[PDB]
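Here's the structure, in structure tokens; my notes come after.
6 protein chains.
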Amino acid sequence: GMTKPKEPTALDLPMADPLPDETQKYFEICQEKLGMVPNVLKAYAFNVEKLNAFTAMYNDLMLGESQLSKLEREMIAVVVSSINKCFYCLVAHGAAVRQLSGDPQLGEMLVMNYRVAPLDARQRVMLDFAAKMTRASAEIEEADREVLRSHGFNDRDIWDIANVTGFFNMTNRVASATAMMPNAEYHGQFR
Amino acid sequence: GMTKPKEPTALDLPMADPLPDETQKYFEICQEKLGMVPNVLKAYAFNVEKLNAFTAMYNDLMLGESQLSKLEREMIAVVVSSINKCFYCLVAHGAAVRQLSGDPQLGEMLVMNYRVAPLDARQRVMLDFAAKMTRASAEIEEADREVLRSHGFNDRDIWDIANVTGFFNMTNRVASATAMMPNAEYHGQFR
Amino acid sequence: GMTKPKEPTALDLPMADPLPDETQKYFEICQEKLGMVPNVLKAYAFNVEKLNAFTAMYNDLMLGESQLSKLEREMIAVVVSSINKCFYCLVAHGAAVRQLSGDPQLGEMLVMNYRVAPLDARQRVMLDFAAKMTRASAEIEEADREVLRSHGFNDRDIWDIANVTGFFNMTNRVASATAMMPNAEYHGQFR
Amino acid sequence: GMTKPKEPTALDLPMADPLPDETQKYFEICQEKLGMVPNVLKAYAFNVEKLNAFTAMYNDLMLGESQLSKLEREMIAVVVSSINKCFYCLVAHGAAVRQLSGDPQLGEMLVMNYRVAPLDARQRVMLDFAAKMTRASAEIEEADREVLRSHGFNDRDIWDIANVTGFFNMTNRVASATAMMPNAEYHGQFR
Amino acid sequence: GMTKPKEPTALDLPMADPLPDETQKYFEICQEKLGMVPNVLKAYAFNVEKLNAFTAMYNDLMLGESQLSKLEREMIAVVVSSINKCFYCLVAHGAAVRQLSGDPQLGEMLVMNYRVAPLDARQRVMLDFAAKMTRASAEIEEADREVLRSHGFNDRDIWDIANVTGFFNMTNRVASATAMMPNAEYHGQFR
Amino acid sequence: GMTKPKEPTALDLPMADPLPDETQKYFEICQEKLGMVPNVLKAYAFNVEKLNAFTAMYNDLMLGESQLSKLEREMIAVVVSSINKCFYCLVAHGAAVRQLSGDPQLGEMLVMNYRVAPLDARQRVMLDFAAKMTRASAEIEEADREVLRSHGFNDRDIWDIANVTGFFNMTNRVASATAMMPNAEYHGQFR
Ligand SMILES: [Cl-]
Ligand SMILES: [Cl-]
Ligand SMILES: [Cl-]
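Chains A, B, A', B', A'' and B'', in that order, give the protein sequences. A prime marks a further copy of an entry chain.
Residues in the first sequence are numbered from 0 upward in steps of one, following the entry's author numbering.
Residues in the second sequence are numbered from 0 upward in steps of one, following the entry's author numbering.
Residues in the third sequence are numbered from 0 upward in steps of one, following the entry's author numbering.
Residues in the fourth sequence are numbered from 0 upward in steps of one, following the entry's author numbering.
Residues in the fifth sequence are numbered from 0 upward in steps of one, following the entry's author numbering.
Residues in the sixth sequence are numbered from 0 upward in steps of one, following the entry's author numbering.
Here's what the structure looks like:
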């Protein structure tokens, strides 16, 4: 429709006007850390229990210990999002890849067709697995897991790839189903 | 192959045996309330923080406050899992639908082809929306959401449908990509 | 619709009230052999010529001579039905696999995602071929047939796999298109 | 490869030469009435019981009583075969449509893209329903059947459409999986 | 609709009545060379600049220098058209393959399912590449190009295969979207 | 692999260095008007006749007379390229949309998921029609065309939409099949 999209989603799900002090505080921290308050967080912020559960999982997967780099996990995110054609996540995580790699072209490549990127084999098979999980998880076999081991991932690493991949298969669906809008600031960042 | 499937997954992700006190307890409680310790929990239990993040989200979405019944969320779970052909989730959540509805055939119908179920339109459109997210969330439009509203769901309700559906799009992928095995007790229950 | 489904199909195709003596007799025999009269037979029973042709083919393929076991042919049936999401056939032939193997878990695995089953290679490639025939028969090549020979099937066996597979691609379509309902007794059998 | 395709299929399924008397006769009759012995029959003819079961079903569905014309059933056959890209069936049944309609272009249209054919709505919806069964029979709903009724088909008619369509979903798969070759005479007939 | 299709397309795009002398002249030449004026040309003939650009590209690709034979390029055309189910092009280029090969059966095979044709490997991998470009160009990799080189195509040849393939992915779409009708004369030619 | 991608494509198709005078000039003009020589042109430039045929068609469709704006045709280009996941075209034509609209986010939306764009219905239905051609042109019906007319497009306009859309279905395939690289300057422009 030729009307400016509602933010943070197309759902009437108020936050609402005086935020609870703890959520207000949290958002001050994001603003400081991030330069913004990501709209996915405003989306969950109508209920702090929900926001807490969302963020606890996001942080663990994206920022917690793993032998997958932060960038690597962001790369997975974008490839999943590209396959699901998730606008929110392509914008948000696209930015993250441009930031963490210092390579705007890599972000564009992953957003558009990851197969064109001149990646080392380790990163490429990581993304191929995520892709196959995204399109046809029921068809993943032991040989697919061995491909990952053949390029240096151990079983904990495979678990991490699977969870990051599965997580964006969740968040893409939620974002797209609710018409979740990415913060306008992302688009011009790290270009 | 022609070998007993490893449990809880085909990954070597030891727990290990002297469990942390808090995880031991969670499990004891599961056993006592559920008659078993669901295998998904043993898979995350190598890391209490990951287990914590998983369970908090699971419990909020499936058991936390909602205008969707517990049964309705499990129905969603089964329909998503059927489309993704997730053995773990079809077994565990199929069992849940059989349990909560006291109707073995309902479980079977949602496992196999939800369209045959003689549901009221409220529940049918809920499932149609989950199916559409699962297959093609990028194609969800305002009109799709208005369909839910036209059968009595409000926007908080739509949010809940969207999150339960995205969650099983994650957990199916994790389960399938890691060859996660459902507890054998499930198969013969609530028949 | 929230109305108990019509049996044996949603079509008004009466049998009708006094069955012809030969069909009545036949049904007495089924009841004895099977404990029930399968609803697919009631579906064809409005015309004995049609019932005769249906049953002649079913029997030859499923029960006639072959070096494929009875169970093996039932396994094919369920994998085809799973891919086509045929409720009738998944219920009827699912039961048959649970019965003939004495392994309820095997039936569930084939109904839900056959790839998880710890089968020997012979049975697994048999099912992979059926699957490929079901999704993309035009793409079957000589190398696909040689895979079967590489695991001990001769050309007569391949012919049998193809016909059993093709047959359920027929019966699934008829059942699903007519809203053919499986006999309630199947669901609880052989659990 | 660059070798003459084996007939009647790429399987070594000898007939063999001194045919059983009854099969000899059937074939003589075919030759006399059809100008040829269709290759599908030679493929089943290694086993008279299999041949018997095939022909009984073929003949009932395609030539037996129906309110669908013979041509209409062959049209169905061609549309199913086009979607499945079955060379044998497209050649043989394409020829049948050209023959029965006395309209070479009609055959070509149904082989290539049935949607371009300027059909009356009765025949178009019949074909749309066959196409939908062929692609996604699990998605057939009561509304789909009501469409057929709204163009003058009764429930016996729907049954017939469903069975002819399921039958070609079987025979396409058998033909394609075994590299069944249509008789070369077909190609130049009714042009 | 049961009304004779409009030619050359279903669009009201007049040529119009007195053709410009140069277009009239050109059409006299086609009629002489071809026995007809192909309807695709009448379609573009409302604007000679458009006709000029269309024909310049067609001629270069189909008739200009290449180490791909004329027939080979026509074979590509038909395989692309078959996958896109383009009636116009299947008829027009089907004829061309029957003509240039002097083998009606080869035309039918490519129209219906090219995989059945007993081609040498060079021609078969040429068509497999075109097919993969047609279904999933984003997935073409260096190894796919090396397959072509492994059967004697150099890089100029690969460029030609790609352009011929891409061109019919254009013309199929235009023809099908506008309901472009093939000249009736094609159907009976070269049988 | 982990090697700089070859430009302008991964094919060895030398231009070569002393360019023909007329191609030199074209390129000088591009540089002067565009700030660059688009890589697609260097790929065709090994053969002036091929380059001539490409550019004539490009220029007529994208820059020649139409009731579609230049921007509208580039929007079409981007939507087609997104569906085909064409990196070259998404970069180059994405940049064009950002340039002509003076709206960076519009480019991003059409690259990622055009459905989220708040377009007027005229432009949305234009894009829906392009998308449908791209995915399934054989399924375009008179009703699809009438939708365009109902938002003010005439039949010449529909023709133009159809040709621009088919053209990017060609150029995406060529680009992707040959690993054509977009000029690096594009990525950071009009942000
Ligand atoms: Cl129950
Ligand atoms: Cl004819
Ligand atoms: Cl801009």
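Here a beta-carbon is modelled for each residue, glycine too, at the ideal position from N, C-alpha and C.
Hey, out of the options, whose CA is closest to residue i's CA?
i	options	result
residue 191/A''	47/B'', 160/B'', 35/B'', 31/B''	Summary: the structure shown does not reach residue 191/A'', with chain A'' confined to residues 0 through 190, and so no result is reported for it.
residue 178/B'	123/B', 88/B', 167/B', 121/B'	88/B'
residue 57/A	175/A, 163/A, 158/A, 189/A	163/A
residue 107/B'	127/B', 182/B', 121/B', 80/B'	80/B'
residue 64/A'	187/B', 47/B', 67/B'	47/B'
residue 153/B'	110/B', 66/B', 127/B', 184/B'	66/B'
residue 168/A	135/A, 142/A, 141/A, 155/A	135/A
Residues of chain B' with a CB under 9 angstroms from the CB of residue i: which are they?
i	result
residue 150/A''	Per Cβ cutoff of 9 angstroms: no residues; residue 150/A'' is ~12 angstroms from chain B' at best.
residue 55/A'	48, 51, 52, 55, 56
residue 136/A'	83, 84, 85, 171, 172, 173, 174, 175, 176
Kindly list, in the order they appear in chain B', the residues whose Cβ is closer than 7 angstroms to that of residue i.
i	result
residue 107/A''	90, 186
So, is residue i buried or exposed, given that buried needs 16 or more other C-beta atoms within 10 angstroms?
i	result
residue 49/B'	buried
residue 125/B	buried
residue 69/A'	exposed
residue 157/A	buried
residue 2/A''	exposed
residue 62/A	exposed
residue 144/B'	buried
Going by beta-carbon coordinates alone, are residue i and residue j separated by less than 9 angstroms?
i	j	result
residue 45/A	residue 13/A	yes
residue 189/A''	residue 116/A''	no
residue 97/B''	residue 105/B''	yes
residue 78/A''	residue 129/A''	yes
residue 37/B'	residue 182/B'	yes
residue 170/A	residue 39/A	yes
residue 55/B	residue 51/A	yes
residue 90/A''	residue 180/B'	no
residue 184/B	residue 0/B	no
residue 101/B''	residue 103/A	no
residue 127/A''	residue 146/A''	yes
Beta-carbon within less than 6 angstroms of residue i's beta-carbon, same chain only, minus the 5 sequence neighbours each way: which residues are those?
i	result
residue 86/A'	none
residue 26/A'	36
residue 29/A''	36
Within a Cβ cutoff of 7 angstroms, which residues of the same chain sit near residue i, ignoring the five residues on either side of it in sequence?
i	result
residue 9/A	177, 178
residue 99/B'	69, 70, 73
residue 139/B	131, 132
residue 41/B	7, 14
residue 53/A	43
residue 22/B''	44, 47, 50
Taking residue i as the query, report the chain A'' residues whose CB atoms sit under 8 angstroms from its CB, ordered along the chain.
i	result
residue 154/B''	10, 11, 12
Within a Cβ cutoff of 8 angstroms, which residues of the same chain sit near residue i, ignoring the five residues on either side of it in sequence?
i	result
residue 60/A''	72, 159, 162, 163, 166
residue 175/B	83, 84, 85, 86, 87
residue 121/A''	150, 151, 152
residue 142/B''	none
residue 19/A''	47
Taking Cβ-Cβ distances shorter than 7 angstroms, what residues in chain B'' pair up with residue i?
i	result
residue 141/A''	9
residue 157/A''	10
residue 104/A	183, 186
Residues of chain B with CB closer than 9 angstroms to the CB of residue i, please, in chain order.
i	result
residue 132/A	172, 173, 175, 176
Name the chain A'' residues whose beta carbon is nearer than 7 angstroms to that of residue i?
i	result
residue 168/B''	168, 169, 172
Taking residue i as the query, report the chain B residues whose CB atoms sit under 7 angstroms from its CB, ordered along the chain.
i	result
residue 59/A	48, 49, 52
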